[PDB]
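As given, the protein sequences belong to chains K, P, N, J, L, M, A, H and C, one line each in that order. To get the entry's author numbering, take the position in the first sequence, counting from 1, and add 3. Under the entry's author numbering, the letters of the second sequence match residues 8 to 127, 134 to 241, in that order. To get the entry's author numbering, take the position in the third sequence, counting from 1, and add 4. To get the entry's author numbering, take the position in the fourth sequence, counting from 1, and add 4. To get the entry's author numbering, take the position in the fifth sequence, counting from 1, and add 1. To get the entry's author numbering, take the position in the sixth sequence, counting from 1, and add 3. To get the entry's author numbering, take the position in the seventh sequence, counting from 1, and add 337. To get the entry's author numbering, take the position in the eighth sequence, counting from 1, and add 5. Under the entry's author numbering, the letters of the ninth sequence match residues 154 to 253, 269 to 406, in that order.
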Amino acid sequence: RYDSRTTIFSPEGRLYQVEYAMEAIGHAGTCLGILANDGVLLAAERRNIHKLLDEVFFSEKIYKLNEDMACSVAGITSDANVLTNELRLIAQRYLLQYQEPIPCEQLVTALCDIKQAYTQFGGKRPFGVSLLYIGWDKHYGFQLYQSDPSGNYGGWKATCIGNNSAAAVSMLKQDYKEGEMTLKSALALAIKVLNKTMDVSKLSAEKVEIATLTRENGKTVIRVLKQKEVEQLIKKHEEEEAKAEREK
Amino acid sequence: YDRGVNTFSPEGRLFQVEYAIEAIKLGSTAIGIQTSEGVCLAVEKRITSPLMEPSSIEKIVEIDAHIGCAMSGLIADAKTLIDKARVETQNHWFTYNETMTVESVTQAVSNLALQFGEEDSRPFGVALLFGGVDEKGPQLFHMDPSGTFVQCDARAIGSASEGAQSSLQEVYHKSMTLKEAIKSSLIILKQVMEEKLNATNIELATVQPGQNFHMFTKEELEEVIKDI
Amino acid sequence: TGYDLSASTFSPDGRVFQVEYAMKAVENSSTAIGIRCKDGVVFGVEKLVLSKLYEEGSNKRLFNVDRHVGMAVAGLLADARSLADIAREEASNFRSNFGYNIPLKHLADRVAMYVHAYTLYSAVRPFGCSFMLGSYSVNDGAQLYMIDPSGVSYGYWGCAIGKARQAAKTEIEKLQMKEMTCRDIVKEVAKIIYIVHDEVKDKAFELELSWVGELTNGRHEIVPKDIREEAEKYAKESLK
Amino acid sequence: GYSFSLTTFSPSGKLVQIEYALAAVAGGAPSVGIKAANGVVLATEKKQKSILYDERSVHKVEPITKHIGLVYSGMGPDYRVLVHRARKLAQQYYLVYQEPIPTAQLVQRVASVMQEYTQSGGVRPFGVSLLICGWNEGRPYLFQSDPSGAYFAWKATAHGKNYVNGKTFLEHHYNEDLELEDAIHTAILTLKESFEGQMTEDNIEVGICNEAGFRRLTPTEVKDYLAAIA
Amino acid sequence: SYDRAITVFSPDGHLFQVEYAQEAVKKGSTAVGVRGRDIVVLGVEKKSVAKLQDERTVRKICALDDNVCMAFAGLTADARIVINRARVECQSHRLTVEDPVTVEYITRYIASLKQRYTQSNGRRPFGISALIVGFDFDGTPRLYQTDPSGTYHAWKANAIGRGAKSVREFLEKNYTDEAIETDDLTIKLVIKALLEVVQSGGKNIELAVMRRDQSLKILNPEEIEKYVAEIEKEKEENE
Amino acid sequence: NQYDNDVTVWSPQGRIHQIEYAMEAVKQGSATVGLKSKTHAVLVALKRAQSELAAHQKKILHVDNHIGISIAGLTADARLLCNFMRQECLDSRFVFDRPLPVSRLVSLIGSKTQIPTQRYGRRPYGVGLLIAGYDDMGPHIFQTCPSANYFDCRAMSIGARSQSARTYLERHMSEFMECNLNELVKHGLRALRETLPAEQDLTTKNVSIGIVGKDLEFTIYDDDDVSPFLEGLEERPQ
Amino acid sequence: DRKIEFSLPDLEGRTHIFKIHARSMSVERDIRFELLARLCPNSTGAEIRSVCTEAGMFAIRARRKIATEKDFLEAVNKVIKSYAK
Amino acid sequence: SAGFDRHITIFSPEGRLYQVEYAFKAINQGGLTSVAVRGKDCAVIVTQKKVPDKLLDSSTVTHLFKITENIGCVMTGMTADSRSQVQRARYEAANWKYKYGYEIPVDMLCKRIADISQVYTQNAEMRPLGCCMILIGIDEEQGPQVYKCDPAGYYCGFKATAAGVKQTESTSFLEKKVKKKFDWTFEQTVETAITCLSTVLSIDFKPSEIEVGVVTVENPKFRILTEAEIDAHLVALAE
Amino acid sequence: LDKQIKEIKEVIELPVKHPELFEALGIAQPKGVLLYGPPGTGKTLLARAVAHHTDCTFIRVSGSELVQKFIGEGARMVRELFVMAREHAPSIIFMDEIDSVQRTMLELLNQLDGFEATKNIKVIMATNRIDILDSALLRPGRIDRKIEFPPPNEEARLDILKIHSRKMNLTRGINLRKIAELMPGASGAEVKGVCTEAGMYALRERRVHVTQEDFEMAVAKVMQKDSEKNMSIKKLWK
Ligand SMILES: Nc1ncnc2c1ncn2[C@@H]1O[C@H](COP(=O)(O)OP(=O)(O)O)[C@@H](O)[C@H]1O
């Protein structure tokens, strides 16, 4: 039994606690970052579809902290909340000492260093939260990144985290698009990937939360989709699959 | 009865630092001899890779020009003790404007050695040999993770230290000249460690009362090579 | 067993066995008695001769640092010295702040609270001695106190701690402490010391006495058996 | 086993210790909280091991502002400590932002508080789950905070022992267009379903948040509303 | 006694926990660096950035100062925090001390950092090792490596476990006491080591070469492929 | 056994076996001898060797010109208490400029050693000590134990094989009180010889002496002082 | 009744045991057993037996129907240093 | 149940207060019993002062304490912890009067003590106080109150209450008594408490066996009844 | 479920029906099978069925006896099952719930590596949950595929109903299609359960009931057992 504490090493040289954390996000959600151009989006599904849950904040998976930053969340809710507030504080400090927007990579690496520090020291537990962010800055513009409890940040053209991640990444390899891959094509791909990852047919709009950032508004804007536009996207996917059935 | 240093064993011993003594065994052997002509220290290398820089192993290191030092143990705690020794000697000079006598170095180093379980950690798995030529003439001392220190006419510490120590006891006496003591240490090392001795697999250091500088030996081992 | 290892670990039923172990360890120590007369308090302690390496008066168990308090122990001597130090510190604190003598009730209360405080935290253990507290105050009355390693203290007309507990309690019961003066109390104390297992299984023992009263201006002094040897011979009056 | 320490994960990626704290939440006295079009209702039940108590000497429903209602289901002492720290946090926010605590701000801050006890083995998380109702921007709202250190919103909710039947009742009975008095009636009905014995003013206390302010029902109001429940 | 604690000795004196740190490094990928006639050259391999993942975020190499760069193998989080610590240390020492920094001081600093974070309970040691390159040994090049046990040494060429077992043996068989003739033969020997490495396809292999008088230089994939083809041809006429 | 954690664990038997193990660690030390007259205090030590090319471990440490100590145990704690007593002697010389009486210093060491016995996080100071000191109140020969207890002994001996010595000092205590310094050191040497094995004998190399007096400051009497006192030692008959 | 203590052989003991085992083996009667023994560290008597057997193995691998002193040396390095690695 | 009860901070799989119940069991070991009863304008406390021996002075073994000149207190538990918590209550009342100026009612005092007890329950550094709390006090123009606080930190007011060993029996007696609305005056209240206790212990008490305290609207000064007053009350019940 | 039948047949039924193919193409015959899916849901129902169609001896082993947990006989009991199976060749060995100690795991791996396929003797070991151990077992010479058991689909659950629907009677219009869609994500045995719980609902009226309405509440009491804490689990894990 060499899995008790985060600060010990096992005779095969692995960290069972951090692996347990990865498996903890293994059933967290199905949040994804879409491969897109002219605009970048996040797609999230909520396992809280219910007749009485209120969703008062109009969003429980997405959280926006900038005029050019936003994040999608899948993991332990308390850890997720403290991490998002910590990101807000880091952005505030960087804007105060630089009077300049933070680079996305510097911010995410700072968070990953904090997470690694939280894992390294004794009596402390890894944040079992993996969350996806997007941002536009003066270093690399359109940017999409992923972070994990161990303190590692993953840069991806497209990625998905949470449950059934294998199917999502496999199809994103298969249904991959490059370059000209507009935001609307990203909406179609996100719709398809969530329909396959979920067991549902005719994916209901209230079971998905999607936000995006657009740069034709080059002063920069971030939008969170409402129910009607998502339902229209669902109808478009349904007519696409109906046409595919007509292709026989 | 092994959880920590701050627990007494049924016999009164400590089965936590007695293993720190056992850690000396896994370290390389080193030879130290005190002679009226001078103090010499010998260190075994067992070349690990030709790509290594041979001097990169700090098992022979100087804390001041009037004194010598040698190591047998984990090189990390070794470097910690080495740095602590240099710091105490330099501060002693800074305050008193004189050389720190080797006995005071050995005593003052040991206070850091006495921090495993008495402040507010773990004993450093390193055993050291000091050699100094000062106001009390030529001196050679030995100190171990338990914190005890002893003035030594000769000493061998590390792996295979027991046989080398026994043979040295059979040959050595406290009235030799330095050169024959070095020769005895060299033949003992040649016997024990690998093969025919050379600068690659053995290191030598020696300081003298009339030469309170440069214990180190750099390719003057060639005389040893042609002799022994 | 199991819920035993720490002073802060409650038993599944009842109290912590750590405290019980402390008081039973007190039970096996050298005996100490203390009896108070109308205006004064007298203590009695038996001490073991160690070997002849002993120095006829060394490592004694009678300690007194207070302008009106005498104090003797029955337990492990190291914790006895430590508790004497805590009592001295508390007495000095009271004398410095309040400016006048502490009531023995309040002093024993604070000392016993500290003792019990050494039982609350898991990093610290209960003490290994039980001691008695003796004093007189001209202002309000005459007092005697008994404090255990469990942090529990009471006042007694007379009490006895050591490997004589119940027998020495009975020897106290035969007395008439309400009206007797401390001069007879010394004789009865020494005799009681000698009757209750002086050297039955033990080789031999040493006796020392303590005596604080109004007659001695409230202050404590060791009654000298170097003079008059009257309680000493009174004890030998009881051998047959 | 893995519940011995809170600082470690299970191989299943679960915190066993946090779960058992939520079992103490199930051991708590059931509380029913639902929102109406004109306000929110928080209802709870009490019983006494003997009639010797002063059943009005304490209150289970507590406010955090003049317009906030708050009810729990757990052990009393941890609830009271959390209430004290929540009131102090609301006062600090009032000092800082010169405004009373918003419901969302209050719930996130108190959940972060209840997360503060979810680290290190020397401390233990509250065995208390909170129901919070309040008025904000002219509309009624309600949420819930649990020992996990998180929060979720709820148009209709209840928790405690025998809570699943309360969930079923709320699913089959609650609609989003209910009225405040009918909301109180639904709350007392589902509390009666949730707990056995007659429900009287000695047994239930209810707090209702009105947009102007929040008040707790008086014993005579409890007697009146509990009587003639349909 | 057993290995369940950081500060506990084994009954024969071993510290199994730091050995487990070294082994956790040993599972980490290939990392081999050499110092040539004047230049120091390194080669990053086994990145295997799969399609959707971008190679920019991989950080195959990070430069601490203009005369020292590092990448580490093992855990990327520990590698990153040690990178930040070394960067801050070197920059602050050069800015504050009356005289500037040399690679020996930062070597001592990182060795001390590993020894420190290894020294007490409640504080996990780094699971990373790295091979240090310095330019200012009085202008001469020099090469170190670092280890989780807080251990460092100087080499003419060094490798770590996954790359060690094959590549390092290949070097000790091949390494000429004559320093590789010019940076050309330095890169040739690095490419030969990469040939001794697992896959050598060039899909993820990248190299950074530092001349010990010039600052660090980064090699493009096209030049790496050209060098690999040149080495393959050289093996081809070697028949 | 469950009951061998830190000294915080009270045994059901009314003991704390860590403390008993500390007493055994005292018995782990080599033989020591301590004895006084009405005018002098002398402690005699047996310096354990290591080899024919290494020096014997010293046993007598200097704390102050009027108080001397002799150690038996793990030398680390021995030196730590030695530094402690040095510091307290210096503070006593600093505050009122008065040589510190033995009894008060020994009480301070008792309190200091007792604090670990109650508190987790530090093993009690596990070394046996012999103390020789003279002050304006009287001559003193003392011993202390890791149980944070101390004993004033007319004549005392701790370590392995010490019981034969203890018998010697117990038999002869009818003699020392007014014996001269030479007679007292001869008595100490005779006491040391009792603990000796049949195959080993006293010499300057392994014998250490320490003397303090009312008109003689405490100094450590090593080989040079051992050389004259060796004469007059009782023989080894059968 | 009686406790009998067994210790690792000294140089004399090592020479004697080498004489004992090598006597039955096919060797040249010219070997310096004392050199082998003093070359031998605190190695147990079982180590002496195993070293003699390994010297015989070294001889067998060359099909030499006599062992050599060289075989004894190489066996000493093999066994002693291979464990002492 | 077993195993997870060894520490106060560890929740058992059922999620139960096992160490709290162990503190209660530590309470019940001391063979004692107390009761507090509320009247129309009076509050009455009485406890069994079971003197174990005569050589002690009866003044030194009291279990009724005055924490405020108008507030009463009564113990059940080990002597040391009871003394500690009465000292803490006195300190808390004094600090409240120092900070706020005006009165600290029994409600605030018991609530504060229960809160602090919950704090020691929450942190594993120190063992919870294994004794119970009962108080009496007069309130501003409303009437007397009886409050009970326990090691668990539970805190509430009481028309009648009991503590000690004899919990269920005493509470049943009080419950049988209180069902009828009547003029529960001072004499009737104290008589009811005394007879409750005399049946639950089932002994014809001598006066030294008990201690009686009372606070009333007409006499807000908390009083501890003398032995002669105890005899007067006993002969009042003698009818 | 249909995909399960084909791959198990290709890996069990096929090595039974045509051994000439594997010798003609010079391969070592496939040796092991491992099943992923929710517990049961055709897991055992498949293994029992394939043995009937091959007429080989079926061995049933629960996960419970696998985990004796007091070093019961795990060392040799595995062999005793194996040797008897060889005695009754051709035979099929089945174990279930491997997730329900390490030493006998190594024992099984060695036997899995060692026994000969010369007797058409194969191992089908089944699991319910995704475990870290399970991914380690997929090794050369031990297991060759990853058959998955998904939750039955709408029409799939309808077929499950129809399997047990032969015995049950019906009204003048029982549309099982509409009944089928009321349990999204329900497992297989639960679809039997709704038929099972429709069972004593016939006893709720003590006559032939099997009514369309019956299943509507025969759904009701079935789902809650597949439920309850799952509602809290959201508020628990979040
Ligand atoms: N796809 C299915 N079709 C019909 N019945 C099924 C199906 N899956 C499971 N069952 C039911 O499950 C029972 C067989 O046990 P099963 O669930 O297959 O494995 P286990 O014995 O491990 O639970 C049968 O009684 C059968 O009615």
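Positions of the beta carbon are idealized from the N, C-alpha and C atoms, including for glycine.
Simplified DSSP assignment, three categories, for residue i
i	result
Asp230(N)	coil
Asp209(H)	coil
Given residue i as reference, the closest of the options once Cα atoms are compared
i	options	result
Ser198(J)	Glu205(J), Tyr167(J), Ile208(J), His177(J)	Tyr167(J)
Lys166(L)	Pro142(L), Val199(L), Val134(L)	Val199(L)
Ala228(C)	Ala242(C), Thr207(C), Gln270(C), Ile212(C)	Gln270(C)
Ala36(N)	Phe209(N), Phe14(N), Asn105(N), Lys240(N)	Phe209(N)
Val21(K)	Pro223(J), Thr107(J), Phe13(J)	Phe13(J)
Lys415(A)	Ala399(A), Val388(A), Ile403(A), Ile397(A)	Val388(A)
Chain-ordered neighbours of residue i on chain J, where CB pairs are closer than 8 Å
i	result
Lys406(C)	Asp150, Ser152, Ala154, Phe156
Through-space distance from residue j to residue i, alpha-carbon basis
i	j	result
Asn296(C)	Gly216(C)	11 Å
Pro102(M)	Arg96(M)	6 Å
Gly393(A)	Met362(A)	8 Å
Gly138(K)	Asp181(J)	41 Å
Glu120(J)	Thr96(P)	48 Å
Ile215(P)	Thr87(P)	23 Å
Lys196(C)	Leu188(C)	7 Å
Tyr178(J)	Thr190(J)	8 Å
Proximal chain L residues relative to residue i, where beta-carbon distance stays under 7 Å
i	result
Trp159(K)	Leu53, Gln54, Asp55
Interface residues of chain A facing residue i [CB-CB closer than 9 Å]
i	result
residue 132(P)	For residue 132(P), no position is available: the coordinates of chain P end at 127 and pick up again at 134.
9 Å Cβ cut-off: residues of chain N touching residue i
i	result
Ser150(M)	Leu80, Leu81, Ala82
Closer than 7 Å at the beta carbon, the chain M residues around residue i
i	result
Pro17(P)	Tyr24
Burial state of residue i, where buried means 16 or more other Cβ atoms lie within 10 Å
i	result
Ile341(A)	exposed
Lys159(C)	exposed
Neighbouring residues, chain H, relative to residue i (Cβ below 7 Å)
i	result
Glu177(N)	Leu60
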